[PDB]
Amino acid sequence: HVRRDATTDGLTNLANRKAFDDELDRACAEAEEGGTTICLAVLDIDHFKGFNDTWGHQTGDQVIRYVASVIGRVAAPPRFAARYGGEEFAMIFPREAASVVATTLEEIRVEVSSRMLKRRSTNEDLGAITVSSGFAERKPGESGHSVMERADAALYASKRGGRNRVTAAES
């Protein structure tokens, strides 16, 4: 001298935060022109730093890949999923009712916690992996950043409720 895709995340091959932010603005402007709905969810891996302290950074990477996999299998277009931060994922649900989004997030959290992952090196049990979740419907005049803040506030509510749960901003 070939460059990797600058809009994807290396560990998971989902979109990265900046691609999600560009997609969010576009999706909001398009739901605003066509009078259609859009829902935003934010997910966080529970006790994630704990995994890295207990088991090592390599195993933390595999917990990210595990959860990213579950999310990706349920984010077929027109849905959009991204690795949003070190332990956070974000999803766009266009033209879907808020109760459908809640059912999808509840299905993600059941799936993630539904088997005991094992350490590849030693076969020790890692402990169950749970996930906390917050979603919000876009309001009529509302920008992507604003509805993202209402979804994050719901994620915080889920964390304060005791984690391993889904919370609608509209509650």
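All residue numbers refer to positions in the sequence shown, first residue = 1.
In the deposited sequence, the stretch from residue 1 to residue 2 hides 1 to 3 residues that have no coordinates. For the pair 72-80 and 85-93, the record assigns the higher mean C-alpha temperature factor to 72-80. The stretch with the higher mean CA B factor, choosing between 126-134 and 141-149, is 141-149.
You'll see in the entry that, of 103, 114, 121, 58, the Cα B factor peaks at 121. Based on the entry's C-alpha B-factors, the most elevated value among 42, 63, 29, 108 belongs to 29. When the modelled residues of the chain are ordered by their C-alpha B factor, residue 171 lands in the highest third. In the deposited entry, the Cα temperature factor of residue 11 sits in the middle third of values across the chain's modelled residues. Sorting the modelled residues of the chain by their CA temperature factor places residue 154 in the lowest third.
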